[PDB]
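To start, the structure under review is shown below, and the notes come after it.
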Amino acid sequence: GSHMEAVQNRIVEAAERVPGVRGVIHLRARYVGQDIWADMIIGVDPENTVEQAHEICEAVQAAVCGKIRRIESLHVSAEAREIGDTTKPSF
Amino acid sequence: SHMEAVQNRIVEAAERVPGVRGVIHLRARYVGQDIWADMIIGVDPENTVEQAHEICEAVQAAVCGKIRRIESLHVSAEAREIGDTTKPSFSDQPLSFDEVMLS
Ligand SMILES: [Cu+2]
Ligand SMILES: [Cu+2]
Ligand SMILES: [Cu+2]
């Protein structure tokens, strides 16, 4: 709880540096023992191809799971998001 | 095991929605009396994210409408060629307490 703000910021920070990510729409996370379980919605170009979005989800999984190692489970789903949209994550 | 009848009922409903080229994966599980499920459907590879999402919404509508003991359904789309068969892969693995609390 106290420490859940920091891991949320580390995950958003890592996710948004991935090419093809237009921001993190939603992220919920929970500790289980020492490891983090989280599910995240990333925003993506609405006109990307389904295959292109699956690559971006896949790359987001590698970069967040790779930089933060207290994560045991991360579920990433992709959603269309317009280029002008600047809504910050909600958590 | 015990999930077989509803798992096939769900695949049946999904595959009748236009634009679904078969159901790739389906996991369904009870949480109390309510069913929680997630599935991956195969869609035309040049579907845009926007076009595929409409198929997902239409798949959520047909399944959540036909079965109604479904409390949660997650649908994701993945590229699948028109000639591809490969019958759906099923899982019936239960939800941890923490997973339910995640949502
Ligand atoms: Cu893949
Ligand atoms: Cu998913
Ligand atoms: Cu939707």
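Count begins at 1; order follows the chain as displayed.
This entry, so its header tells us, was determined using X-ray crystallography, 2.1 Å.
A Cβ is built for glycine as well, from the same backbone N, Cα and C atoms used for every other residue.
Taken from the PDB entry, the feature expression tag applies to A:1-4.
For A:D39, A:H75, the entry in Swiss-Prot reads Fe cation 1 binding site. The Fe cation 2 binding site annotation in Swiss-Prot covers A:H54 and is backed by a curator's inference. Sequence annotations record features per position, and here Swiss-Prot assigns Fe cation 3 binding site to A:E79.
A distance of 13 Å separates the Cα atom of A:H75 (Fe cation 1 binding site) from that of A:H54 (Fe cation 2 binding site).
For the recorded site, A:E79 (Fe cation 3 binding site), the DSSP three-state label reads strand.
Proximity of A:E79 (Fe cation 3 binding site) to non-local residues of its own chain (separation of 6 or more, Cβ distance below 8 Å) is seen for A:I25, A:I41, A:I42, A:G43, A:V44, given in sequence order. Counting residues of the expression tag (A:1-4) by DSSP class, helix then strand then coil, yields 1 helix, 0 strand, 3 coil.
A:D39 (Fe cation 1 binding site) falls within a strand when secondary structure is assigned with DSSP.
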